[PDB]
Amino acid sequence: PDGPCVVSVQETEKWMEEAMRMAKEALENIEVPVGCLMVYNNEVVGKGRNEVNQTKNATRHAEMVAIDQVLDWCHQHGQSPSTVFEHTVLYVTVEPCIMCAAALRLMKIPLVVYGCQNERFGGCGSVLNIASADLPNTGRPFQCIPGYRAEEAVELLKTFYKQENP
């Protein structure tokens, strides 16, 4: 078993309650309400919410922001990215899209805790299962812990699309 994964998994309630707070942050900022944390050894290493409309760029999903924050946190502390990502647990409101699933594979993340399903674009099962897929040249497959506080997380999407065009 990974040592920094089991330690990070323990305060899962704590990391989600902040992951949710970040989705409420993105909601009231007219963003798709997804927020995530990346925990390396019971310490937040990158955070991130959806920044799509803000940057006028659509690749800036929450998960892709955080990956950049953790590559920074690697660079300031001069640690190689391989030895940090491979022991990092990602906490995200919503099953990662088909794109972010591929990034996490390439970063060799090992584990993801998500809330509610992702019917529109989900790459963890819903549309394609990129996470467990056999992609020999696209990083390392990773496993998922679905469902954590999904009801709260989905009532955030429902109240984003009946609000985008009534």
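Quick note: we count residues from 1 along the sequence shown, nothing fancier.
- Looking at 22-30 and 59-67 together, the entry lists the larger mean B-factor for 22-30, computed on C-alpha atoms.
- Among all modelled residues in its chain, residue 119 ranks in the lowest third by Cα B-factor.
- In the PDB entry, a CA B factor belonging to the highest third of its chain's modelled residues is recorded for residue 80.
- The PDB entry assigns residue 53 a C-alpha temperature factor belonging to the highest third of its chain's modelled residues.
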